[PDB]
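Enquirer: Chains as they are written, first to last, in UniProt numbering: chain A, 97 to 152; chain B, 207 to 257, 262 to 320, 325 to 338, 377 to 507; chain C, 205 to 400, 404 to 466; chain D, 22 to 141.
We put the beta carbon where it would ideally sit given N, CA and C, even for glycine.
Here it is, the structure in full.
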Amino acid sequence: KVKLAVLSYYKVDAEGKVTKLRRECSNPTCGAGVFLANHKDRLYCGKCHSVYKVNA
Amino acid sequence: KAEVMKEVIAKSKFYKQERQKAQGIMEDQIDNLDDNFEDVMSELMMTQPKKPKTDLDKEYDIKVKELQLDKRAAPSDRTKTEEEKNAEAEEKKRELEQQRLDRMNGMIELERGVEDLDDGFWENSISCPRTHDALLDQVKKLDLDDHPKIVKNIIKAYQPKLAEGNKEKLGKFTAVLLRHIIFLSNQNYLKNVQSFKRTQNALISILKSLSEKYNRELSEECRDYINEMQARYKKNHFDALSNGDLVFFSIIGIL
Amino acid sequence: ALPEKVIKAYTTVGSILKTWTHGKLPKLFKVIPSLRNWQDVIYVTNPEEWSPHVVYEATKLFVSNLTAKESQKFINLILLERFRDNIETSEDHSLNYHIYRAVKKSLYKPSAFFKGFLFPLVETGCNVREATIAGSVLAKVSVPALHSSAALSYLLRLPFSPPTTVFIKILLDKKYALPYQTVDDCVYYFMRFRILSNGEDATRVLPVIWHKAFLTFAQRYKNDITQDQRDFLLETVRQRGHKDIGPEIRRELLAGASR
Amino acid sequence: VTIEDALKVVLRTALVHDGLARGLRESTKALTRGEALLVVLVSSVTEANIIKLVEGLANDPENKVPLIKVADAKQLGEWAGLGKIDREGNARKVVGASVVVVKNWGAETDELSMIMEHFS
RNA sequence: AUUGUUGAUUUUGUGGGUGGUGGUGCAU
Ligand SMILES: [Zn+2]
Numbered sequence: 097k098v099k100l101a102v103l104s105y106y107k108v109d110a111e112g113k114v115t116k117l118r119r120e121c122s123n124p125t126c127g128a129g130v131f132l133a134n135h136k137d138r139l140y141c142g143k144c145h146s147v148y149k150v151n152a
Numbered sequence: 207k208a209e210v211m212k213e214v215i216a217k218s219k220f221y222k223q224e225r226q227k228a229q230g231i232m233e234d235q236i237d238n239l240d241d242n243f244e245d246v247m248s249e250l251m252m253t254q255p256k257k262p263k264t265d266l267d268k269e270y271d272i273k274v275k276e277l278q279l280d281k282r283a284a285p286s287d288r289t290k291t292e293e294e295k296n297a298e299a300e301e302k303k304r305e306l307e308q309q310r311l312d313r314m315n316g317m318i319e320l325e326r327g328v329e330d331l332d333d334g335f336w337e338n377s378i379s380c381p382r383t384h385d386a387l388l389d390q391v392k393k394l395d396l397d398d399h400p401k402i403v404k405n406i407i408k409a410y411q412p413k414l415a416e417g418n419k420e421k422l423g424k425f426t427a428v429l430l431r432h433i434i435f436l437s438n439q440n441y442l443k444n445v446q447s448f449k450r451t452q453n454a455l456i457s458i459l460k461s462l463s464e465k466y467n468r469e470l471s472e473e474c475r476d477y478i479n480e481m482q483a484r485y486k487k488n489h490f491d492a493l494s495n496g497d498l499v500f501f502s503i504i505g506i507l
Numbered sequence: 205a206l207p208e209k210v211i212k213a214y215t216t217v218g219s220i221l222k223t224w225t226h227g228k229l230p231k232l233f234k235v236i237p238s239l240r241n242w243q244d245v246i247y248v249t250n251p252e253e254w255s256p257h258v259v260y261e262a263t264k265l266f267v268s269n270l271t272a273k274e275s276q277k278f279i280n281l282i283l284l285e286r287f288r289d290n291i292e293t294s295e296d297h298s299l300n301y302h303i304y305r306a307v308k309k310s311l312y313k314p315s316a317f318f319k320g321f322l323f324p325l326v327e328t329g330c331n332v333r334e335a336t337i338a339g340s341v342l343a344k345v346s347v348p349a350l351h352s353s354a355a356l357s358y359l360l361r362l363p364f365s366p367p368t369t370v371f372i373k374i375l376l377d378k379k380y381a382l383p384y385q386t387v388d389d390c391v392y393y394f395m396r397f398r399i400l404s405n406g407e408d409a410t411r412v413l414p415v416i417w418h419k420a421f422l423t424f425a426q427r428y429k430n431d432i433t434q435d436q437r438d439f440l441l442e443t444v445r446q447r448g449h450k451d452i453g454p455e456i457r458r459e460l461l462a463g464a465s466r
Numbered sequence: 022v023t024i025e026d027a028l029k030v031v032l033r034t035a036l037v038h039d040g041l042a043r044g045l046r047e048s049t050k051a052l053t054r055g056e057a058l059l060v061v062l063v064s065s066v067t068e069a070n071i072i073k074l075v076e077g078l079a080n081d082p083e084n085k086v087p088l089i090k091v092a093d094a095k096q097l098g099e100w101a102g103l104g105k106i107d108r109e110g111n112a113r114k115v116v117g118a119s120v121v122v123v124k125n126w127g128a129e130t131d132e133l134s135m136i137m138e139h140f141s
């Protein structure tokens, strides 16, 4: 179990700007807001189960 | 017959290998499809298409929330007829008396017999008080006639359904309650015999209801008292004995 | 049309699904719900040739992944049609064991199931055997009280048909904490069957299933109706009461207290 | 009609059309997709990072979304519909909601005009 | 809470009704 996992995805600077620390899934059905889990060798989508390379 | 059997066994084996062969080819293509998965999925993603509720669907969603706003009714079961209730009650009475007769004649519920036991015997907000003293502190400032009120509330405040572990707490409270019933009898009550009579029997009635559900905890405490009282008798003899000891034996007969 | 390379791939998948019975499903099949045009992709996999085993695994896959709106179309277009076809085509008019589990898994998403399986079925000439089989699935699996009450309010307002009565009886038998708005609707549904100006429902002959449903409501929700409502229901019994069930309904209604 | 009373009906109307995102995760997802029309946030959130995140997202230049301040999460959860109702009718077993985002108003009400007018 | 990312559909504790895609004959 992970608590406040959503908080970890985003970083807020002192001026209130919001920056995304994780990449979003390119599948249109996933659309925006669907974040790829960062594994050592791949990026994994929890919704589509698609796999992307980390440096692609 | 034997020839017919050998044909049947041969056919069954013949079909079994065919099914196994069918399963064998089944995994082969699935492996091939998995290998070709990445090539296939890519073209699908290249050709993915670009981006009103039915009135019935609108109504159903509207119903869901309005039902949420509504209060919820409690359910009820069928009322058994008076003849059925009497028949069921009579059946339960008949079963219980029969078990009592069997236990009287030596039936022991581990369904063993007394003779079995005779082998080798001769050869060799509201706080739930886990201890008797705790209950006194909670009821320290209350009058004698208020003890049933506080004792009943503790049971209500810690019913099994309210939270996990309440069965254990109530189980111990059954043991604690018994010591309280014996404890009060020791204390002088000639001043307010009427008040003591209203509290002592009331607490016993509460203990009976608890004993129906938590006889095991009560049974352990009851045996402990017998050993403790025996130990006191070894030293003080009759001085150890008190009014509560007479009361205690009386309660055991009830429960 | 899909890419000609894909259609061959998913054409091959459909062949596997026709005779699949166990093991792991094809990887291409498992990713269909993610695709936007899953209706087109599912079409080439030829669903009405899906084996009963595939329908069960398919139902698990699509109900969990698709949205509520999309899961509705899967239930309505595939699971419902397959459910009807199997009953119609089977010699004994029974439902295959794997399809029977598929309906249960669809029920995991109550909103999609009711508006995709139940309401379309009763509104599209459901027969008694179809209702009984579906009613058992609804009877055994747990449904939320809120969603179940909404469905019960829905069925009560529909035109009377013995198939619809069965679903009405099943929901009542479940012993839900029906909201008082639903209870009022239950009274109105039975109230409209009493003779007075009124429609044919007053004079329409009543099967036993209606009486059994009316008995169940009396047995379970007698303590949750107003005294005026109790009088109306009693008015219904004297007019339309059954020979044997009617006396028991009268006993149960009278034994209840007003809310 | 106070602003708080206005939001009570507005949020309920959003619920009837399935137009509310309840929770931090759904609120963040709604904002980044541009599906957010209004943001309701709680002042008594223990972790200031939650306040900073929603404030930054709600104040993004591309999609400026109005933001509202709520004293207690528990009452916001009650407006979100999380809690259930008793035999008495009072809300029971209510769940605190830190953030609520409205995706669809569902129906036009005078109370929707007032809250928009207050922001303008 | 939980599903396989998802959103209250579940999980936990205490109670608890149910024989039911049951058969087989009978009476339009
Ligand atoms: Zn994807």
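#1: Which residues end up in the neighbourhood of ligand 1 when you take C-beta atoms closer than 5 Å to any of its heavy atoms?
#2: Would D:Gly77 pass as an interface residue toward chain B - the criterion being a Cβ-Cβ separation below 7 Å?
#3: Grab me the residues of D:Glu76's own chain with a C-beta within less than 8 Å of its C-beta, minus the 5 sequence neighbours each way, in chain order.
#4: How about A:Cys144: is its C-beta nearer than 7 Å to some C-beta of chain C?
#5: Which first and last residues belong to the beta strand (DSSP E) in which C:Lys264 is found?
#6: Nearest-angstrom Cα distance between B:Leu442 and D:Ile106?
#7: Whose C-beta lies closer than 7 Å to the C-beta of D:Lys95 among residues of the same chain, with five residues either side of it excluded?
#8: Answer with yes or no whether the minimum CB distance from B:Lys257 to chain D is below 7 Å.
#9: Provide the residue(s) that pair with C:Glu253 in DSSP beta bridges, ordered along the chain.
#10: Under the assumption that D:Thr34 contacts D:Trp126 (Cβ atoms under 8 Å), give the Cβ distance between them as a whole number of angstroms.
#11: State yes or no: is the C-beta of C:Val347 within less than 7 Å of the C-beta of C:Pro314?
#12: Quick check on B:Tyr410: buried or exposed, where buried means 16 or more other Cβ atoms within 10 Å of its Cβ?
#13: Under the DSSP definition of a beta bridge, which residues are partnered with D:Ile106?
#14: By Cβ distance below 6 Å, which residues in the same chain neighbour C:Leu342 in space, the five residues on each side in sequence not counted?
#15: How about B:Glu249: is its C-beta nearer than 7 Å to some C-beta of chain C?
#16: Could you tell me if B:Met252 is buried or exposed, where buried requires 16 or more neighbouring beta carbons within 10 angstroms of its beta carbon?
#17: Whether or not the segment 235-249 of chain B and the segment 351-367 of chain C are in contact is what I'm after, with contact meaning three or more pairs of Cβ atoms, one per stretch, closer than 8 Å; do they touch?
#18: From the DSSP secondary-structure annotation, give me the bridge partner or partners of A:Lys107.
#19: Kindly indicate if chain D contains any beta-carbon less than 7 Å away from that of A:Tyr140.
#20: Consult DSSP for C:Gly329 and reduce its assignment to one of helix, strand or coil.
#21: Thinking C-alpha only, which one of C:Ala262, C:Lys228, C:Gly320 and C:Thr410 is nearest C:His302?
#22: Let me know the secondary structure DSSP gives D:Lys90 once reduced to three states.
#23: Could you check which residue in D:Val121, D:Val120, D:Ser119 and D:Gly104 has the C-alpha nearest to that of D:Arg113?
#24: In the DSSP output, what is D:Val121 paired with across the bridge?
#25: Counting contacts by CB-CB distance shorter than 7 Å, is residue 83 of chain A in contact with chain D?
#26: Identify whether B:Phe448 lies in helix, strand or coil by the three-state DSSP scheme.
#27: Looking only at its chain, what residues have a beta carbon closer than 6 Å to the beta carbon of C:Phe439, apart from the 5 residues adjacent to it on each side?
#28: Under 8 Å, with one C-beta from each stretch per pair, do the segment 127-140 of chain A and the segment 218-238 of chain C reach the 3-pair mark?
#29: Could you work out which residues of chain B lie near C:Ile220, taking near to mean beta carbons separated by less than 8 Å?
#30: In this structure, does DSSP put A:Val102 in helix, strand or coil?
#31: Can you round the beta-carbon distance between C:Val258 and C:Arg286 to whole angstroms, since I take them to be within the 8 Å contact cut?
#32: Would DSSP call A:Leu132 helix, strand or coil?
#33: Mind pulling the chain A residues with CB within less than 9 Å of C:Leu232?
#34: Pull up the distance between the alpha-carbon of C:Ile432 and that of A:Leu103, whole angstroms please.
#35: Under three-state DSSP, which class holds C:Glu407?
Expert: According to the structure shown:
#1: Near ligand 1, residues with a Cβ at less than 5 Å from any of the ligand's heavy atoms are A:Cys121, A:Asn123, A:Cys126, A:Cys141, A:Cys144 and A:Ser146; the list follows chain order.
#2: Within the fourth sequence, residue 77 of chain D is the residue found at index 56, counting from 1. So, not an interface residue.
#3: Numbered from 1 along the fourth sequence, position 55 holds the residue referred to as residue 76 of chain D. Excluding residues within five positions, the ones whose Cβ falls inside 8 Å are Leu62 and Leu88.
#4: Translated into positions along the first sequence, residue 144 of chain A becomes position 48. Any Cβ of chain C closer than 7 Å to the Cβ of A:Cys144 would place that residue at the interface, and such an atom is present.
#5: Along the third sequence, read from residue 1 onward, the residue named residue 264 of chain C stands at position 60. Not the beta strand (DSSP E): C:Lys264 falls in the alpha helix (DSSP H), residues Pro256 to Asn269.
#6: For the purposes of this step, residue 442 of chain B is taken as the residue at position 190 of the second sequence. For the purposes of this step, residue 106 of chain D is taken as the residue at position 85 of the fourth sequence. So the two alpha carbons sit approximately 53 Å from each other.
#7: In the fourth sequence, the residue the question calls residue 95 of chain D occupies position 74. Answer for D:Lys95: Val115 and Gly117, listed in chain order.
#8: As a first step, residue 257 of chain B is located in the second sequence; it is residue number 51 there, counting from the start. Judged by the 7 Å Cβ criterion, B:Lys257 is not in contact with chain D.
#9: Translated into the one-based positions of the third sequence, residue 253 of chain C becomes position 49. DSSP lists no partner for C:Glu253.
#10: Along the fourth sequence, one-based indexing puts residue 34 of chain D at 13. Along the fourth sequence, one-based indexing puts residue 126 of chain D at 105. Contact holds; Cβ gap of about 7 Å.
#11: Along the third sequence, one-based indexing puts residue 347 of chain C at 143. Along the third sequence, one-based indexing puts residue 314 of chain C at 110. Annotated as proximal: C:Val347 and C:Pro314, with beta-carbon spacing under 7 Å.
#12: Your numbering for residue 410 of chain B matches position 158 in the second sequence. Per the 10 Å Cβ criterion, buried.
#13: The sequence position of residue 106 of chain D within the fourth sequence is 85, counting from 1. Answer is D:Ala112, bridged to D:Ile106.
#14: As a working mapping, residue 342 of chain C is identified with position 138 in the third sequence. For C:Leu342, where only same-chain residues beyond five positions count, the Cβ hits under 6 Å are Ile374.
#15: On the second sequence, residue 249 of chain B is found 43 positions in, with the first residue counted as 1. So, interface residue.
#16: Position 46 of the second sequence, counted from the start, is the residue given in the question as residue 252 of chain B. In the assembly as shown, B:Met252 is an exposed residue. Its beta-carbon has fewer than 16 other beta-carbons within 10 Å.
#17: Touching, no, given that fewer than three Cβ pairs across the two stretches are closer than 8 Å.
#18: Counting from one through the first sequence, the residue named residue 107 of chain A turns up at place 11. Here A:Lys107 is bridged, per DSSP, to A:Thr115.
#19: The count along the first sequence starts at 1 and reaches residue 140 of chain A at position 44. A:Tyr140 does not count as touching chain D.
#20: Indexing the third sequence from 1 puts residue 329 of chain C at position 125. In the three-state reduction of the DSSP assignment, C:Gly329 falls in the coil class, being assigned neither a helical nor a strand state.
#21: One-based indexing of the third sequence puts residue 302 of chain C at position 98. By alpha-carbon distance to C:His302, the top candidate from C:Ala262, C:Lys228, C:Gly320 and C:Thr410 is C:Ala262.
#22: As a first step, residue 90 of chain D is located in the fourth sequence; it is residue number 69 there, counting from the start. In the structure shown, D:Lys90 adopts extended strand secondary structure according to DSSP, grouped into three states.
#23: To locate residue 113 of chain D, count along the fourth sequence from 1; it is residue 92. Measuring C-alpha to C-alpha distances from D:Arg113 to each of D:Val121, D:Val120, D:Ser119 and D:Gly104 identifies D:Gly104 as the nearest.
#24: Here residue 121 of chain D is taken as the residue at index 100 of the fourth sequence, counted from 1. For D:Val121, which the question treats as bridged, DSSP gives the partners D:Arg43 and D:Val61.
#25: What is shown of chain A runs 97 to 152, which leaves residue 83 of chain A out entirely.
#26: Position 196 of the second sequence holds residue 448 of chain B. The answer is helix: DSSP assigns B:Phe448 an H, G or I state.
#27: Here residue 439 of chain C refers to the residue found at position 232 when the third sequence is read from its first residue. Once the five neighbours on either side are set aside, the close Cβ partners of C:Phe439 are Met395.
#28: In this structure the segment 127-140 of chain A does not touch the segment 218-238 of chain C; the number of beta carbon pairs closer than 8 Å is below three.
#29: Your numbering for residue 220 of chain C matches position 16 in the third sequence. By Cβ distance, chain B contributes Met232, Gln235, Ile236 and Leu239.
#30: The residue labelled residue 102 of chain A in the question sits at position 6 within the first sequence. If DSSP states are grouped into helix, strand and coil, A:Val102 belongs with the helices.
#31: On the third sequence, residue 258 of chain C is found 54 positions in, with the first residue counted as 1. On the third sequence, residue 286 of chain C is found 82 positions in, with the first residue counted as 1. Not quite, the Cβ-Cβ distance comes to about 10 Å (not below 8 Å), so this is no contact.
#32: One-based indexing of the first sequence puts residue 132 of chain A at position 36. Strand.
#33: Here residue 232 of chain C is taken as the residue at index 28 of the third sequence, counted from 1. From the beta-carbon of C:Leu232, no residue of chain A is found nearer than 9 Å; the closest lies around 12 Å away.
#34: Along the third sequence, read from residue 1 onward, the residue named residue 432 of chain C stands at position 225. Along the first sequence, read from residue 1 onward, the residue named residue 103 of chain A stands at position 7. Between the alpha carbons of C:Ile432 and A:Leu103 lies a gap of roughly 50 Å.
#35: What you label residue 407 of chain C is simply residue 200 of the third sequence in a count that begins at 1. DSSP places C:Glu407 in helix when its eight states are reduced to three.
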